Amino acid sequence: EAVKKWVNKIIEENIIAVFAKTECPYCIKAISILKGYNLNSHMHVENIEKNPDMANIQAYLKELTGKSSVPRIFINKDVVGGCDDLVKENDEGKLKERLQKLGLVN
């Protein structure tokens, strides 16, 4: 219960929620892409590797999304997925459309 509630709170209280690990180039690239849209003020990154419950968090992220890997990216509670999914959405205009719908980009 506690782990799920905590993960939920991160996803529900931040429009952009990224679960990450330490020294991961795909975590870093995804966060950099998102900050490139000047999303900092509505973004929260959680390093779940520096956490005693990493495996529980990853298992719950798999329950929510189908994958246990980080980065795990949510936008207004919708699952974007990993960095590869973010790159596809970014290159194909879907990311910008999401952010426009949220008033985050004009």
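Values below: every heavy atom of this structure, side chains too, minus hydrogens, waters and symmetry copies. Residue indices begin at 1 and follow the sequence shown.
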Visitor: Out of curiosity, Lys67 NZ to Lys62 NZ, how far, rounded to the nearest 0.5 Å?
Guide: 10.5 Å
Visitor: Please give me the minimum heavy-atom distance between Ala30 and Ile73, naming the atom from each residue.
Guide: CB-CD1, 3.8 Å
Visitor: Transitively linked via ILVMFWY side-chain contacts under 4.5 Å: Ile28 with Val80?
Guide: no
Visitor: Does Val70 reach the side chain of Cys24, with side-chain heavy atoms less than 4.5 Å apart?
Guide: no
Visitor: Find out whether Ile15 and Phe74 are in side-chain contact, i.e. whether some heavy atom of one side chain is under 4.5 Å from a heavy atom of the other.
Guide: no
Visitor: I need the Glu13 CD to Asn8 CG distance, nearest 0.5 Å.
Guide: 10.0 Å
Visitor: Report the C-alpha separation of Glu46 and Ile57 in whole Å, then their side-chain angles, then the decisive distance to 0.1 Å, and conclude whether the side chain to side chain contact (heavy atoms under 4.5 Å, CB included) test is met.
Guide: CA-CA 11 Å; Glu46 191 65 35; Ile57 296 158; over 6 Å; no
Visitor: Less than 4.5 Å apart, any side-chain heavy atom of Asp78 and any of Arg98?
Guide: yes
Visitor: Rounded at 0.5 Å granularity, tell me how far CG in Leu34 sits from CG in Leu95.
Guide: 6.5 Å
Visitor: After noting the C-alpha distance and the side-chain angles of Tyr37 and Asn90, does the key distance pass the side chain to side chain contact (heavy atoms under 4.5 Å, CB included) rule?
Guide: CA-CA 10 Å; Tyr37 283 93; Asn90 190 38; 2.5 Å; yes
Visitor: With a 4.5 Å limit on heavy-atom distance, are the side chains of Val87 and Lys29 in contact?
Guide: yes
Visitor: Would you check if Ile10 and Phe19 make a side-chain contact, meaning some heavy-atom pair closer than 4.5 Å?
Guide: yes
Visitor: Among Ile16, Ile33, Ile75, find the one that has a side-chain contact (heavy atoms from CB on, under 4.5 Å) with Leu39.
Guide: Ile16
Visitor: Taking atom CZ of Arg72 and atom CD1 of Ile11, what is their separation to the nearest 0.5 Å?
Guide: 10.5 Å
Visitor: Taking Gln58 for its side chain and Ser68 for its backbone only, find out whether a donor-acceptor pair lies under 3.5 Å.
Guide: yes
Visitor: Taking the side chain as every heavy atom from C-beta outward, state whether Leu64 and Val79 have any atom pair closer than 4.5 Å.
Guide: no
Visitor: Do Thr65 side-chain atoms and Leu61 backbone N/O form a donor-acceptor pair below 3.5 Å?
Guide: yes
Visitor: Roughly how far, to the nearest 0.5 Å, is CG of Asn14 from CG of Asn76?
Guide: 11.0 Å
Visitor: Can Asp84 and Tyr26 be counted as having a side-chain donor-acceptor contact under 3.5 angstrom?
Guide: no
Visitor: If you compare all heavy atoms of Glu49 against all heavy atoms of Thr22, which two are closest, and at what distance to 0.1 Å?
Guide: OE1-N, 3.0 Å
Visitor: Would you mind reporting whether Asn56 and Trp6 have side-chain heavy atoms less than 4.5 Å apart?
Guide: no
Visitor: Using a strict threshold of under 4.0 Å (side-chain N to carboxylate O), is an ion pair present between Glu63 and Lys4?
Guide: yes
Visitor: Identify the two heavy atoms, one from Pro71 and one from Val18, that lie closest to each other, and give their separation to 0.1 Å.
Guide: CB-CG1, 4.3 Å
Visitor: Taking all heavy atoms of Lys21 and all of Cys27, pick out the closest pair and write down the distance.
Guide: N-SG, 3.5 Å
Visitor: Quick check for you: to the nearest 0.5 Å, what is the distance between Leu86 atom CG and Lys88 atom NZ?
Guide: 12.5 Å
